[PDB]
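Chemist: this one's a deposited entry, sequence included:
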Amino acid sequence: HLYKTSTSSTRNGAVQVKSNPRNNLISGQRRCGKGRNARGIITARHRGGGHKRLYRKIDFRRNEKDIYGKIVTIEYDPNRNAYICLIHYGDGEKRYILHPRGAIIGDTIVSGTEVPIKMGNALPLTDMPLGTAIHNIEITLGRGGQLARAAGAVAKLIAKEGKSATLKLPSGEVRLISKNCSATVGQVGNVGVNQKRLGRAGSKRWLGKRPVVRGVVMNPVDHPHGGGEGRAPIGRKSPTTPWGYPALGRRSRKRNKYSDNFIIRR
RNA sequence: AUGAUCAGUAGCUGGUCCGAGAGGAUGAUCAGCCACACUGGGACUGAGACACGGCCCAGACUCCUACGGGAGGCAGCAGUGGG
RNA sequence: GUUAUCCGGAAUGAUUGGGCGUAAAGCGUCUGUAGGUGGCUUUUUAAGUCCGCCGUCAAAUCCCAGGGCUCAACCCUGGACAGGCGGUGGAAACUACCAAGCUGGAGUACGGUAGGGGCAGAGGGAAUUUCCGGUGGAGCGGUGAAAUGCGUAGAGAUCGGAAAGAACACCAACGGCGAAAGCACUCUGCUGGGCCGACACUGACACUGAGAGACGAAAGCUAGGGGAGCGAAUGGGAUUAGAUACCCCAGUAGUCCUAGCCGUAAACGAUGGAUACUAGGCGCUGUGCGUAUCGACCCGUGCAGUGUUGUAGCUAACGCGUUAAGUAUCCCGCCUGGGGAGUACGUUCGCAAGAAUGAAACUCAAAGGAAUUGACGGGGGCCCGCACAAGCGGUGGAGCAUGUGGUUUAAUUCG
RNA sequence: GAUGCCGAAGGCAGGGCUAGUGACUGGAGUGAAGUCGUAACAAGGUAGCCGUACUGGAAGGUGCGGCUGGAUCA
RNA sequence: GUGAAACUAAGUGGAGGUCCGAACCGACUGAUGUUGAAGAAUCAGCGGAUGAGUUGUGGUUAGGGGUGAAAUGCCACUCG
RNA sequence: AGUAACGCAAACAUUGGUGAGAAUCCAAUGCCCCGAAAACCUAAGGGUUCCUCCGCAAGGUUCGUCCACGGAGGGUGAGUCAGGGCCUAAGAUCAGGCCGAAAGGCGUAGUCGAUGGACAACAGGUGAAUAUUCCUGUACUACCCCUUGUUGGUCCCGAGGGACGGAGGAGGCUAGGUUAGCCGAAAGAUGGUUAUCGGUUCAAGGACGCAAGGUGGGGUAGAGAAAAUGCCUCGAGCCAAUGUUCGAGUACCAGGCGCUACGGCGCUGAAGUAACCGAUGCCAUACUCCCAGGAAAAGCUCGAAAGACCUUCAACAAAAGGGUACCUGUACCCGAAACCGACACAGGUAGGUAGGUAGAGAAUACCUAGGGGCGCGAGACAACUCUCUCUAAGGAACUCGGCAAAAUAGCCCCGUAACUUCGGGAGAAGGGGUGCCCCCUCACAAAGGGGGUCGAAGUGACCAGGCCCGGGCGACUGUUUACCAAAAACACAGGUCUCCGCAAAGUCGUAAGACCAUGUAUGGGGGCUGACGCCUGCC
RNA sequence: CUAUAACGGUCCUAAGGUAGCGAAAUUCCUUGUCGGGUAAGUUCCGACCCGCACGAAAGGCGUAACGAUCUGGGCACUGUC
RNA sequence: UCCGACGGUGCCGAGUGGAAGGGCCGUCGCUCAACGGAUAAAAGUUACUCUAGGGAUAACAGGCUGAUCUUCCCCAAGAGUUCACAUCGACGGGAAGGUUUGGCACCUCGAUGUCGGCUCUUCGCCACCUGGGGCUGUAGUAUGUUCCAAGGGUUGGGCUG
């Protein structure tokens, strides 16, 4: 840790120390996915089970404009770890929005064109100096996708660029997307919240997904490779079904091809 | 902590040896005091020793035996063995 | 006579008697409890201290004077001493206690000054690298030479634009600030210390300080970010007898930020802090004054800071020299041969790497400091010989003479 | 006499501490002055050393920070 | 106790796939059986036991295909 | 071969009745076993196997006047229970439509389907077999219509309320139990005993809404948005186990009086209170804490640009009137021999109630209620086999292996090594006491501290770890070859490499569609490795 | 002084196995050798070591606790003998 | 062999006249070697195994046979101080027995369970001990060798299956 509110670390005593939640909810939920990795005919792509899910919620695109706000209190949501608060616009529109950084006390929070740049709400990139700290960009002028993982959701820019295309995605290198888009302009979601360690699985891993490791475990049928006294013919192409883990490369197009540039591969 | 407790070592002092002195090292002989006297423990007698040459019990040794059972201990003087 | 053993020689633990810039030695720097020390006046106490006296300090040793064994050793009279402790009757300057003050100590307020002091948040300029596009050509990069590498899927160079990180020229100065470490582009916000000046006020409320608490260059470590350049490691090229170095082309951790941790350095002025004194000549910052300051300036008076053929003095010498290792006082830390060691063991601290405290056996008789003479130097300054350079001829090639090694031989004699 | 308290000899379990010893093993001090380098001392010829980190037959090399008990006109 | 912090000594509280042990679940070892009670379990011991635990009911995937902490087991006393 | 077997080792016999005959039928006197069970109730399934009167060749691995056997009759009567009926999850189907050779797949409006949610009573008595349904006493809910009072009502809704989750830690209170009082009976076949045994019950509804550690009102104004934003005047509402009354000056009830085919029915019928201690029960769908922060709809309530309605129809309430509340199952069994396994095979199988004594305990052992003796016996009784007791000296010396046994195994207290990421091992190891009575209080529910005393033994019964040392491997818990191997196998978290800014990669599919994520590179997917510590070289 | 011979020379490769460990569940001959345990022990433990085919995350070297794991020893208790 | 290239030959050539093609004469292409050559073109495992058959085809074992192995014996230079044979005995030879190592693989793969230990034995012999004898470089006490004879008896543990 390097910032305040250090992550609690359960000292030794008995391998690990699970827990038992207990809270309340107030509307703002449909039912969320509750069928486990399936399809109705074939599970497809194994690894995925365990209960403890539900609770979906919404609010992403944000069509509201020049409307003040007031972040009431903070709140956490399953799956994605980066808070979501509950805010409270000047008028009284019940929403959530991705919890920026320095807030909780309400702060400003406001969307629309020509608004105070800091970490309010939606704000068209068309009106942005450099953009050293955005948040969640959108492929189009209406969606709210891309890096929605508030935590670590970073994507610098290139000061002022024409042709209506900039954005500097993290591990995704740099690409070109419409400029007529908007974002929360937060680019924050706490990094220490994910800095913590799982522990030793059991009551922390399975409670979210089935075993992630498979191993050779022999059996030429159960897996493209296997057999032998104990060792495994690794490297000799052993991916589940013609895959190819040694890079190779994918995603091939010609017309609607990738508009990303630079993209270094070391 | 102006240092308890613990561990190693040791009788104390008057004095002795050295040193110009201070100090340092010791305290054999003579004398005062303390402690012990086969080892551990205990009491009795008596003004006083719970007492080398007193008693009782236990232990390790030495010696006697009709082995049933008993007798001793110089860290008093002179001496023996041993070191 | 030898050996053993204590003391002396050892002012080599020094209380009388020593030291810590370089020889062993100030802990890396502050704050601060206990402890040690503490300005000036009067009164008082008089505990310490001092005077006298009364007890005890056994005798015998030791010492002084005097006796007896024919001397002496030895024995012996009296005295001295037993440096101490307690008590009583005094003395009162000093130290200490108590009371009332004073002020030069120290502290505070008022008004100003300088500074990279510190923390946080912004913003500014050059350059480097990278991405895209234009122009254009075959070379570029690099070295003592080269090569690896980048190049005609066309770099470099050049121009336009973008992204990003770090440090921030000049001013910078023998400068300044800070306890130390350390800290410099500009701005704002909060904040510490130092200094001067007419003063106003308290009033010694002080100094130092084991333990303890806090701060710590860089490197390193934990978690999360960032990453232009540089660059441990590592991979190639080159050099070389070899180089798993120096040098060349790349390059990871790291270097940067937040938080926590480790606490070490020629943490060096290698000379701990505080105070009072002792010859002088030049360089900063505040303030007073100087025909009305007519001026760049002139004459003082304080803080901090260099050099000095720096004097006395001090020092082994080098050197220091009122910011002295000069003359003194207060208190704390440290050393008392070299190697082994600042390691081993144990305790404590740490995530780890390790830090702190700290031995002995054995072994040598030497380690070490300054300075002196000379030599040496792929150190410097200046100078002389075919010494080089300028030039001619020659050797090493050839046949032959001769000398020497090696070989051979009974010897192929010796130097 | 019996009984009870205290109680030495002696007995049991588990620790601390100390001396001796121990396959094997680390570092260190010496002796022929052997083998491979020559790292330091004159800028010893990439100045040296201190702390720290990594690497290497070895002396040692390299990075960062710092000092000079560094030569030189820089 | 420190200027304020970490610290420490009680109490409170309460976590831990924790410890012991029934129901339950899962089953290592020995014996009795193995034309047996039973086409394989019982008896005397053992492991787990608020847990990635277990169970009742219903549904979704099913063979060259599904599922699988994959034994290539299982897919209803059969099966790579 | 007529050998074995006649199916857990919870033994059985006797006096009578009936019959041709009965050890196993029935009746009576007992033994014995179980006692959170081989009791009862209920779901699934089964499904008439329940009851009664008869018969029995076959089915009951003995007979049988016995039977869940056969052959004839009789018997499941609730608007409140349950299933239909409203609503809804996984999921199925699914107009038009999107797709696919045909077939068909997928999928929405909409429409089905639960172990989910939503209105309403019990206590007695009666019958050979049923009963919260028959009967008696006392109550409740919803709809329609009517009467009275008041008031504006009003869709496939908006909003509120419904939707419940973990674990852990306090108190009260209830089932129920014990003691005492009271009532009734017996006061007694070896001594003593005027005191022994039994009962002491009692539901909903309604009122009460219970000294309470559960959970800020009200009024006015606002064309965009509004889980809403500003003032004023006073501050004291919901939810809720239990108890106390009415309900029961009743019924029930020990025990009698009569009858009796003797199984059982009529009549009558006293006491019916208090104190102490409860639980994994209830208020706690709570609260505290914590985090892997964990269904939907309807019923209900309220509001609806007061659109449609508009002296109306309706809404609320009152008589807590009157009428109505249609259709089915509901017998028996149900960790049981009528269920699932070919049988009456000790195998397997969800939920609920569940007492006394000792004990922490639904442990264990012995007793209640209640349910059984498991359906071949009697003698003999040697070898041998199966399940066990007790066993001189020594002691594993057996053996592939101390397998199998034995033993250890209670609580409190004292004490406890190497090592440690120092959480542990430490329930190490190794010891002592705890019985009973009396006294201190002639009880402060226990416990402790003294004294005295009994037996060989005092957790003395059941129940109830064996410990220590060194070493290989896997960190561990967990999972796995369901019916011989469950292990250093597998799994696990940690680390790293690689692919994807996406209608994803990738997986299912000829397609559509869809899973993967309504997430998103501290995401996710695939491979190897795989706790941590020191490290992970050259090519 | 034998061995050792760290040194050197030479041939062959992409580079030629570093640290640690090693007769270890992976060295046939090794029933190995030395030392400890036993009256005796090809079993086990501690080392040396000439590891025939140990070896760095298809992991190497350690490692508290944990496991109905595998191997060996001792005490109490056992006719298991 | 078949598939094909090309020349010659008016042989034929599906309406006719030609042609393509075919036929005939002549030649060429195939480590087609596993070469009387199955394809133009095709390597392994199966301790998961399954099925059809046989011992005419193996493994344990019986049997035939049996060089090797075991035992005994002949000639005999020498060792044993001397001396060949108390004992032993080189260079070679002849047999018995039969449990070793093999061949055979004759009878059994519509099957006869491998080793070892434990329990309980049976027989023979060139029996180690007890008994009766010869020689002895056997003094005695004890041994060496040989002959008859087994009547009987003939061990407990550490380690390893």
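Modeler: Yep, it's here. Numbers count the residues shown, from 1 in each chain, chains lettered A, B, ... in the order given.
Chemist: measure residue A:198 to residue A:98 for me?
Modeler: Applying CB to CB, to the nearest Å, one obtains 24 Å for the distance of residue A:198 from residue A:98. Quick note: C-beta positions are derived from backbone N, CA and C, even for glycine.
Chemist: between these two, which has more neighbouring residues?
Modeler: Counted by other CB atoms under 10 Å, residue A:198 and residue A:98 do not tie: residue A:98 has more neighbours, with 27 against 11.
Chemist: need the contact list for the closest residue in space to residue A:121 that isn't next to it in sequence.
Modeler: Spatial nearest neighbour of residue A:121, chain neighbours left out: residue A:111 (3.7 Å); criterion: CB to CB, 6 or more residues apart in numbering. The contact partners of residue A:111, by CB atoms under 8 Å, 6 or more residues apart in numbering, come to A:62, A:64, A:65, A:66, A:67, A:120, A:121, A:122, A:123, A:182.
Chemist: neighbours of residue A:157, how many?
Modeler: Applying other CB under 10 Å, we find 19 other residues in the vicinity of residue A:157.
Chemist: typed the wrong thing, it's residue A:110
Modeler: Neighbourhood size, residue A:110 [other CB under 10 Å]: 20.
Chemist: kindly report the same for residue A:15.
Modeler: For residue A:15, the neighbour count with other CB under 10 Å is 10.
Chemist: what strand or helix carries it?
Modeler: Under the criterion DSSP states H and E, no helix or strand holds residue A:15.
Chemist: residue A:200 is in contact with that one, correct?
Modeler: Yes: using CB atoms under 8 Å, residue A:15 is in contact with residue A:200, at 5.4 Å.
Chemist: so which residues on the stretch 101-250 of chain A come close to RNA strand E?
Modeler: Within the stretch 101-250 of chain A, the positions near RNA strand E by CB under 7 Å from any atom of the strand are A:199-203, A:206-207, A:210-211, A:214, A:217-223.
Chemist: give me that answer again for 10 Å
Modeler: Contacts of the stretch 101-250 of chain A with RNA strand E, taken as CB under 10 Å from any atom of the strand, map to A:198-207, A:210-211, A:213-223, A:226-227, A:240.
Chemist: are any of these buried, and which?
Modeler: Buried by 16 or more other CB atoms under 10 Å: A:216, A:218, A:223, A:226, out of these.
Chemist: would you mind measuring from the first one to residue A:222?
Modeler: Note on residue A:216: its distance to residue A:222, by CB to CB, is 10 Å.
Chemist: show me the helices in chain A, by range?
Modeler: Assigned by DSSP state H, chain A shows helices spanning A:192-195.
Chemist: tell me which parts of the stretch 151-266 of chain A are close to RNA strand G?
Modeler: So far as CB under 10 Å from any atom of the strand goes, the stretch 151-266 of chain A lies against RNA strand G at A:215, A:216, A:228, A:230, A:231, A:232, A:233, A:234, A:235, A:236.
Chemist: for RNA strand F, tell me which of those show up nearby.
Modeler: Within these, those near RNA strand F by CB under 10 Å from any atom of the strand are A:215, A:216, A:230, A:231, A:232, A:233, A:234, A:235.
Chemist: count of residues packed around the third one?
Modeler: Just to be clear, that refers to residue A:230. When neighbours are counted by other CB under 10 Å, residue A:230 registers 6.
Chemist: contact partners for it?
Modeler: Under the criterion of CB under 8 Å, 6+ apart, residue A:230 has no contact partners.
Chemist: what does the first one give?
Modeler: For residue A:215, no contacting residues are found, by CB under 8 Å, 6+ apart.
Chemist: contacts only, for residue A:203.
Modeler: Listed by CB under 8 Å, 6+ apart, the contact partners of residue A:203 are A:16, A:18, A:19.
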